[PDB]
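Inside the fold
Residue strings, one per chain:
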Amino acid sequence: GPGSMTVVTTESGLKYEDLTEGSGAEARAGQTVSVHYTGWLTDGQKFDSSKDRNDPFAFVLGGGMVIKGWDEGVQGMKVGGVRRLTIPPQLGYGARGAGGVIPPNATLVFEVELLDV
């Protein structure tokens, strides 16, 4: 209403939006935690959903198997927290893209949800 639909952008260029506040503990650099990522196309079509495959992305805050948006969200989110990270095709898959599912010049959205720390 007063300005909740705001858009944040880091030095990298990516943009994300807070979905829900976590009701547990916050993650810390060097700590291992398990989170779920929900892929979404520019139209809103879910091309990827680890939640459906029960394959939660578990890693330590500070690794190198994720993107700035992920790290940034991990260094602040808490157990049960929900954060939507939106990254462009230039800072995401690349000018090459995946293939049909996620072509170039197409922004991709990912929903990160903290499961446990």
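Analysis parameters
- Residues numbered from 1 in each chain as written, not as in the entry; some residues may be left out.
- Heavy atoms only, no water.
- Pairing = 2+ DSSP bridges.
- Helix = DSSP H or I, 4+ residues; strand = E, 2+ residues; numbered from the N terminus.
- Buried < 20%, exposed > 50% of the residue type's maximum accessible area, 1.4 Å probe, protein only.
- Contact = heavy atoms within 4.5 Å.
- UniProt positions renumbered as here; feature names shortened; annotations may be inferred.

Let us look at the sheet that holds strand β2 (residues 15–20). Strand pairing in a sheet relies on backbone hydrogen bonds, with the paired strands running either antiparallel or parallel. With antiparallel pairing, 6 strands are arranged side by side in an open sheet as β1-β2-β5-β6-β3-β4. The outermost strands of the open sheet, each flanked by one partner alone, are β1 (8–9) and β4 (57–60). Relative to strand β5 (residues 82–87), β2 is paired through 5 bridges, and the arrangement is antiparallel. Residue pairing for β5: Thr20 is matched across the bridge by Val82.

With that settled, the discussion passes to the environment of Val109. Examined against the element boundaries, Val109 turns out to sit in strand β6 (residues 108–116). Residue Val109 is classed as buried on the basis of its relative accessible area of 12%. A C-alpha to C-alpha distance of 7.1 Å links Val109 and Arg84, two positions 25 residues apart in sequence. Those residues in contact with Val109 that lie beyond four places of it in its chain are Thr38, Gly39, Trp40, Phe47, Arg84, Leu85 and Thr86.

With that out of the way, let us pick up the UniProt feature "binding site: Mg(2+)" (unreviewed entry) in the protein chain. Under the present numbering, the feature "binding site: Mg(2+)" (unreviewed entry) in UniProt falls on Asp55 and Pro56. In this structure, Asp55 sits in the loop between β3 (32–40) and β4. In this structure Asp55 touches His36, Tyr37 and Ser50, once residues within four positions along its chain are discounted. The topology assignment puts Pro56 in the loop between β3 and β4. Given the relative accessible area of 32%, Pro56 is considered partly exposed. Other than its neighbours up to four places away in sequence, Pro56 contacts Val35, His36 and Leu115.

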